[PDB]
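*Asks:* Structure below; questions to follow.
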Number of protein chains: 12
Amino acid sequence: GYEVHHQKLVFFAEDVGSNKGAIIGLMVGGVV
Amino acid sequence: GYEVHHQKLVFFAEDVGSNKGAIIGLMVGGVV
Amino acid sequence: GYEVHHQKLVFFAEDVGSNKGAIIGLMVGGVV
Amino acid sequence: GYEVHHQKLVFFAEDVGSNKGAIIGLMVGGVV
Amino acid sequence: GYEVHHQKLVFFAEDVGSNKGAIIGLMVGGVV
Amino acid sequence: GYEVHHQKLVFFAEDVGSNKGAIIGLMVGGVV
Amino acid sequence: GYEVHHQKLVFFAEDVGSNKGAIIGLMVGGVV
Amino acid sequence: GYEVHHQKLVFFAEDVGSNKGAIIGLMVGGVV
Amino acid sequence: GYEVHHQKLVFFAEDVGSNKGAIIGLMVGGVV
Amino acid sequence: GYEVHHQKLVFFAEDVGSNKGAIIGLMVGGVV
Amino acid sequence: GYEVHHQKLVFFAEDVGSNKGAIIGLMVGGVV
Amino acid sequence: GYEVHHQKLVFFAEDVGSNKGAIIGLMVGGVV
């Protein structure tokens, strides 16, 4: 059978989140 | 069974001269 | 030209530069 | 021979809602 | 008993006024 | 004997009768 | 400046029709 | 001198019927 | 002549049926 | 002795059936 | 007579912390 | 002397013990 399933997640541009001070948090349960 | 197509989710914000203090919280709780 | 259930979400923001610390609270659980 | 489809969602804002200090609470769980 | 169902939803907002503090509260969890 | 076809929807909104401070509160769960 | 008193507000929601996809997408910003 | 107060809000959703999958997306950005 | 500010926001939800996956996507910025 | 600045936000959800399906993505911005 | 600033935010869900399954993401974008 | 400022943020859930894991992510770039 034929099946397609994919996605894309991009979070807006803004005042870059450098280190010390600003911050970016990514949480992904466990790993493959 | 059922067939589906991929999707896309994109947010974009323009800021004059990146810098100090931005904060992003992304949680992807899921399994392949 | 075969098409199935598809979607797309776009959030675009263009404007000078509000104050210190923008903030993204986003959740992408997921399920089989 | 007939296929189904869904809609497209676009939230576009100029002026109101600039970078730095803005707050987006967006929930994108998943699909049943 | 299947038919094509698609559309486009675009929301454009823009208007000089005062102060900042803007807030987006959107729930977009899958579809029925 | 109702048929479904494509369509387009665009909405443009200016100044919110009252100070600034905007607030987008929408629930986009499935469709009727 | 005017004196403001408190009050009590309660809401109860049930679903008839059939089955129930519950969905609460709300924005509770604030008012001057 | 002077004194101020706010109101109280209570929300309750529950009703015998079927399925589940609940989704709550909320924005509560404090306002001065 | 002292500043006074209190509040009370309550969101309660429950429903049998089947499966689970509940989803909370919430943004609670802050205050100045 | 005297009232001051306070708040109160309560979220309560009950879900059985399958293994715990829950996905919480919450952003608590904050202020300097 | 010193000003006091406090808040109370609480999320109650009927589900402990099982194995690969429940998922919680919390981000506090701010500086002491 | 120095004004008082602190808060209370709690994420809690109750049900069946179960085993080792569940998945929680806390992001807070800051230093005393």
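Sequence positions for chain C are given in Swiss-Prot numbering; the residues included correspond to 680-711, in order.
If you check the header, you will see the structure was determined by solid-state NMR.
A Cβ is built for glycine as well, from the same backbone N, Cα and C atoms used for every other residue.
Sharing the record's features from Swiss-Prot:
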CARBOHYD  C:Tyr681  O-linked glycosylation site
SITE      C:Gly704  site 'Implicated in free radical propagation'
SITE      C:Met706  site 'Susceptible to oxidation'
*Asks:* Judged by the number of other CB atoms within 10 angstroms, which among C:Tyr681, C:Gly704, C:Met706 is the least packed of the recorded positions?
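*Replies:* Comparing Cβ neighbours within 10 Å for the recorded positions C:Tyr681, C:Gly704, C:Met706, C:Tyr681 has the fewest.
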*Asks:* Between the residue listed as 'O-linked glycosylation site' and C:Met706 (site 'Susceptible to oxidation'), how far is it from one CA atom to the other, in Å?
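*Replies:* The residue listed as 'O-linked glycosylation site' and C:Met706 (site 'Susceptible to oxidation') have their Cα atoms 31 Å apart.
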*Asks:* What three-state class does DSSP give C:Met706 (site 'Susceptible to oxidation')?
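*Replies:* It is in a strand.
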